[PDB]
Every structure is written in C-alpha cells, then in structure tokens.
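The sequence shown runs 27 to 60, 69 to 92, 106 to 119, 156 to 264, 270 to 287, 296 to 366, 377 to 452, 467 to 521 under PDB author numbering.
This report concerns only the one structure given below.
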Amino acid sequence: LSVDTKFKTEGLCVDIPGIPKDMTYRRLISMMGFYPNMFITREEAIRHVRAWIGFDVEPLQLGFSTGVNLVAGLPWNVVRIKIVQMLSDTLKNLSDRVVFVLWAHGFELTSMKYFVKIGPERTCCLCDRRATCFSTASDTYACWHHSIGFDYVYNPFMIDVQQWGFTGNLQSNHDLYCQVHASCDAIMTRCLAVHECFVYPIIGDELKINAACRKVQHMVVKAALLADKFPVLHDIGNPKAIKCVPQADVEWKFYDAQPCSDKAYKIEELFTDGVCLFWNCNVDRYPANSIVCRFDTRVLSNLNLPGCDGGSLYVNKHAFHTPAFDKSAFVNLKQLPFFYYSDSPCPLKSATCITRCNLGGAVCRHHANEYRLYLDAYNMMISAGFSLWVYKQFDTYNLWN
Ligand SMILES: O=C(NCc1nc(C2CC2)cs1)c1n[nH]c2ncccc12
Ligand SMILES: [Zn+2]
Ligand SMILES: [Zn+2]
Ligand SMILES: [Zn+2]
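Below, the structure is given as structure tokens:
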C-alpha cells in the first residue's frame, strides 16, 4: 500500500477539526508522530486475518476486541506494558504480527505514539521470528513469545475500515448483519470487517485434524451403509466430490453446495429414499435420514476466530466463516455414539471395538492398534469442535452380523 495513496479524512474531523480533506498516508503518519507503510491493503489484511485486533479509543478509554478496556485510570508508561502483555498472550499462537482494525475517528490514531515504536523490520533477540515488541529497559526486541517485560508495540500494522466506503456510522453498519454484539466498538469494528471480507500458514494441529476428519468420515459412512444397506446416498455439499467409501455398493449421487458463510442453508431451498450425508454442510434442519458432521462455532481453539452474528471464522488452510451452532438443527437425529468398525483381516477390552476377533472373544493386536489410533483421531476431532449426528435407527448391534 503506497504511502502516497489518499486517505479519506471526513471521519476524523470531529476529533481533529480543520483536518485537510486532501491527505496521503505519508502525511497522516507524520501527523501521528512517526515496513513501507504502517497501513495495509484489504488484500494484505485478509491474508493476516489471524492478526486482527479491533481497536477503539474514546483521560482516554482504550478498548480492544479482546474485550479489554484500559484507561490512560493509569499513566501511559504502565498502560503500554499491559497492551504488550495482552497482545502477546492473544496473538503469540496465532500470528507473527498485529493488525489494528479501526473505525478511525482520530483519537485512536493520535494515541498510537504513546505505545508504538516503528523502525526497520527486525528479529527477536531470543529466536528467529520477526520482532513485534520493543523494550526501552534493555534496548532489545522480541516476538510475541518472548516479550515478557517489554513496554512497546513494534512495527504494528493497521487498517481503517471507514476507508472502504460505508454510509452511516459504525453501529448502524454493524447491526445490519449482526445482533450478537470502547471495547464494544473495537468488537463491532472487527466484526464488520470480518463480515465484509469473509461472509494460511500451519499454526497448530491442522494436519492431524484433517486426517482424523477423513478417517472418521470413512468409518462412519461405511458402517451406516453396512448396518442399514441404503440403496442410495445423497452427498450434499462435498467440496471435493469424491466418494468417501469408494467400495460401497450404493448409488452415490452428489449435490453441489458451497460452504454457506452467512446463514445456514434452508433445507426447503436445497431425498427421502436412502441416506443423506451432510459433512460440514450447514442447514437449518437436517432430514431424518441423515449422517451429519457440523462444526461447533462455540469451541475455543487457535484455529477458530470469533466471527459475525454468532458464527466463527474457522481458519484451517483456508478461511471458512461458519454460521452459529444451533442445536435445534439436529432435532430429527441423535448424537452419533463412538464405535470402531473393521472387516480387515486379523491387551484391549472394549465393547465398541466391532471386529471379528472381539466377536469371538479377544481382540487381536492389529485391531487393538488400529482401534487405539482411531480413538485418538476421534477424540482429536471432537476436541477440535466437530459434532456428529445420525438417523435415529442407527444401531451398531447391526454390524456384528
Ligand atoms: O473436515 C476436514 N477438516 C476440518 C475442516 N472444517 C472446516 C469448517 C468448519 C467446518 C473446513 S475444513 C477434512 N479435511 N479432510 C477431509 N476429508 C474428508 C472429510 C473431511 C475432511
Ligand atoms: Zn522470540
Ligand atoms: Zn458483530
Ligand atoms: Zn482382529
């Protein structure tokens, strides 16, 4: 983002009366009292969504989308220490930076000089990550992991949503899309920005989660077909359009539905023969003859960011805004019970290890190993926030035969 790009300044003229209408980023940064630009493009912001922290200023009340309000009542030299600590603990497992997301009216921008320092890009003094903080006590730099005791934010980034072309004030623009939400403005601001852009690097267990989801899907569907012998399966929303049980006898019919990022699909808009499979295809109410995996937006993980109108921004390779978890959607189904099924050729005791060996009295070692690995993946999937539901007649007792 060129520092010579124009900044629309009408939103600032109540806190800064008389501000020129003609204004570049270069001149605004100078006026803020200060890595080509502190400000970034929408595109760049989107690529670093994990780094977003709503920030509003209203003595001055500083509010962040973490829900914290600070009053700068204590002097700036202690307030800045709290800011560094809060951002480090919020972001250290999400991002190599911070992006302050503003609805800029002026005070938030003139207050930056009291807790921000800028300079060349640097590296942490204790590791190889880019530096995000600076300490005036030791004249050293640190990343979010090693910033304990550091008093200044270093080379933050920032983006003013009001530059995107909105009519009306923040609240009225936010409330058009979200009924769930200084800190309250910081939250609305980030929320509105997530809605505009969404309604990525490996930072955690992405790869184990995705392999576990693939394994569970194959297990549960294969077993549903064996136990109930459905003649046809309606696979709704498959992004890959690959059969998850390619050797099953059934007639596999695919129906295309992109991941709904706003409201859940209405089943009437989007089948009574056989079984319906919804693997992360979010509808308002699932038919009774369904196998379903639905992500619980309420779960706490480094992969799951707070979203708009109760949904969450699930970032796992790609960004997937997901509508709010609603228990009533599953009213025609029951929770899927854990089980492990295998027909592969053959000390574990388990009533839910459904294999020939266990049927005959004693689980062989191979199926003991595979059961324990499968349990591990299953638990990884549940902990990651996924929930599984199945048609009410599903009964693993039917697998023994
Ligand atoms: O489900 C998988 N990964 C977790 C994800 N969850 C989301 C959104 C919040 C719903 C996007 S990705 C997966 N990864 N490979 C697979 N193969 C077969 C079936 C599922 C998977
Ligand atoms: Zn470090
Ligand atoms: Zn909101
Ligand atoms: Zn066995």
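Using N, Cα and C, we set each Cβ at its ideal position, and we do this for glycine too.
Mapping DSSP to helix, strand and coil, what is residue i?
i           : result
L192        : helix
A307        : helix
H82         : coil
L383        : strand
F326        : coil
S407        : strand
residue 523 : Because the chain here runs from 27 to 521, residue 523 falls outside it and cannot be looked at.
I474        : strand
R391        : coil
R212        : coil
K339        : coil
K433        : helix
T50         : strand
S56         : helix
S178        : coil
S396        : strand
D301        : coil
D273        : helix
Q262        : coil
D41         : coil
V312        : helix
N521        : coil
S230        : coil
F377        : coil
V161        : helix
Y296        : coil
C279        : helix
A488        : helix
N256        : helix
Rounded to whole angstroms, how far is the Cβ of residue i from the Cβ of residue j, which I believe are closer than 8 Å?
i    : j    : result
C452 : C473 : With 8 Å as the limit, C452 and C473 do not qualify as a contact, their Cβ atoms being about 12 Å apart.
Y237 : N395 : Between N395 and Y237 the Cβ distance is about 57 Å, and since that is not below 8 Å, they are no contact.
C399 : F506 : 6 Å
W227 : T215 : 5 Å
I397 : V317 : 6 Å
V167 : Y235 : 7 Å
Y392 : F401 : About 14 Å separates the two Cβ atoms, so there is no contact after all.
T475 : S448 : 5 Å
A274 : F89  : 5 Å
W520 : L479 : 6 Å
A488 : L468 : 4 Å
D390 : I363 : 6 Å
Name the DSSP bridge partner or partners of residue i?
i           : result
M241        : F73, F183
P412        : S418
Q168        : Bridge partners of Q168: none, in fact.
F426        : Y420
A344        : DSSP lists no partner for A344.
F506        : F401
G110        : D90, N116
residue 266 : Residue numbering in the chain breaks between 264 and 270, and residue 266 falls inside that break, so it has no position here.
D331        : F350, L383
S218        : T223
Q441        : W509
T31         : Beta-bridge pairing links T31 to no other residue.
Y361        : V389
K200        : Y237
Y446        : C473
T206        : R213
_I want to know whether the stretch 242-260 touches the stretch 215-230 - three or more CB-CB distances under 8 Å._
The stretch 242-260 vs the stretch 215-230: no contact.
*Answer yes if the stretch 77-87 comes into contact with the stretch 180-193, meaning at least three C-beta pairs across the two stretches below 8 Å, and no otherwise.*
yes
*Count the CB pairs spanning the stretch 399-417 and the stretch 275-285 that are closer than 8 Å, and state whether there are at least three.*
yes
*ligand 1: which residues have Cβ under 6 Å from any of its heavy atoms, chain order?*
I305, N306, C309, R310, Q313, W385, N386, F401, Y420, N422, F426, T428
*Could you say if the stretch 302-315 and the stretch 326-335 meet the contact criterion of at least three C-beta pairs nearer than 8 Å?*
Counting Cβ pairs under 8 Å, fewer than three are found: no touch.
_Does the contact criterion of 3 or more C-beta pairs under 8 Å hold for the stretch 156-165 versus the stretch 50-58?_
no
*Whose beta carbon lies closer than 5 Å to any heavy atom of ligand 3, going through the chain in order?*
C261, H264, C279
*Closer than 7 Å: residues whose CB approaches a heavy atom of ligand 4*: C452, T475, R476, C477, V483, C484, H486, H487
*Give me every residue whose Cβ sits closer than 7 Å to any heavy atom of ligand 2, in chain order.*
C207, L209, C210, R212, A225, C226, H228, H229
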